[PDB]
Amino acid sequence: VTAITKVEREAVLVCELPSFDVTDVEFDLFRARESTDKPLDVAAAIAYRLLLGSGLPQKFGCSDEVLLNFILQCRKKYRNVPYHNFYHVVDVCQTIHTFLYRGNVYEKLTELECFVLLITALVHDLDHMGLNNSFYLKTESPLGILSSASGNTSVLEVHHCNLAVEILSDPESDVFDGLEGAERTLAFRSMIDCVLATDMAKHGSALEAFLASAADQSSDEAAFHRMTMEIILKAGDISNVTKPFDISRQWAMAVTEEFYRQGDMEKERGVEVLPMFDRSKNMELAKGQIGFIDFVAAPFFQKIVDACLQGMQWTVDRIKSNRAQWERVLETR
């Protein structure tokens, strides 16, 4: 990777965010973006203030300047896509911080596990092109061909991991350079394992393994820590429906557009498209969000909360409240 310059660092350091609190469950990233000329500098400043405010990089030997360089090297590898961009990953990092520290999930994990989680949120979708794993496999795109020949169908998640390793190989952006021996190894393994767990083809497997390990904890403490890390990255990743309605709605507009674009691209390529990805078969946003809530997100959050993450109850309450709002949109169309 090329060196981060003094000017690039300075353009982040000048951002003031008076009147925002980045640790709060009601924090609004859209309003932070809209408040400035330079929304990419503001988003970088949010991630910087959040990580330093935690105390964790200081604990684990990561200097202020290595932390910032890492944040800016992540930023340069995100694309100009509608949803899977630098704003998504800064949102995921902020949200995980709320789960650790307002939902008290930090009680279930070591400090080192918490540091790894927050860093991993920023690398978890590096160089995403707005196309899912099925696109690559069905169209025989070159990365699809490499996946099948190679024997791993998590085409996207392996790519994100390759680029995380690339960034951390430069001493100027290695946030894990203060760790020793076995700890350094734990960090790399954890990071990678968590990123691989974000592929929605493993959603059901991940959730079963978590609920099994939570039913003991005692019998295998290490497997419970590992699964808790995976399940919290996954929860941050699909957290848009746990936010204030107007924030939730903006996220939904953006993801929906990436679905449509994939569908246009498959059609172009002679592949027959599922109707959720088809501009021609949909009108309003409401029914899609109600479906995502009923069939994926509401059961996921209620199960993790009931099994041991009791301090995360507000997520369920806000999901139910957003869903009633979409329901009203439908029945008074």
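For the two forms, the rigid core is made up of the largest set of C-alpha atoms that agree within 1.5 Å on superposition. Heads up: residue numbers just count along the shown sequence, starting at 1.
Between stretches 13-21 and 311-319, the one whose Cα atoms sit farther from the displayed model in 9 other deposited structures of this protein on average is 13-21 (core-aligned, root mean square). Of the two segments 230-238 and 139-147, the one whose CA positions lie farther from the displayed form in 9 other deposited structures of this protein, once all are superposed on the rigid core, is 139-147. For the pair 318-326 and 8-16, the mean Cα B-factor is higher in 8-16. Relative to one another, 210-218 and 179-187 have unequal mean CA B-factors, and 210-218 is the one with the higher figure.
When the C-alpha B-factors of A223, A164, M229, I247 are read from the PDB record, the largest value belongs to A223.
For the set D125, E140, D174, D91, the maximum C-alpha B-factor listed in the entry falls on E140. In the deposited entry, the Cα temperature factor of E113 sits in the middle third of values across the chain's modelled residues. Residue-level temperature factors show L146 in the highest third of its chain, judged at the C-alpha atom. The PDB entry assigns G270 a C-alpha temperature factor belonging to the highest third of its chain's modelled residues. Among all modelled residues in its chain, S63 ranks in the middle third by Cα B-factor.
In this PDB entry, the Cα temperature factor of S35 sits in the top third of its chain's modelled residues, the highest group.
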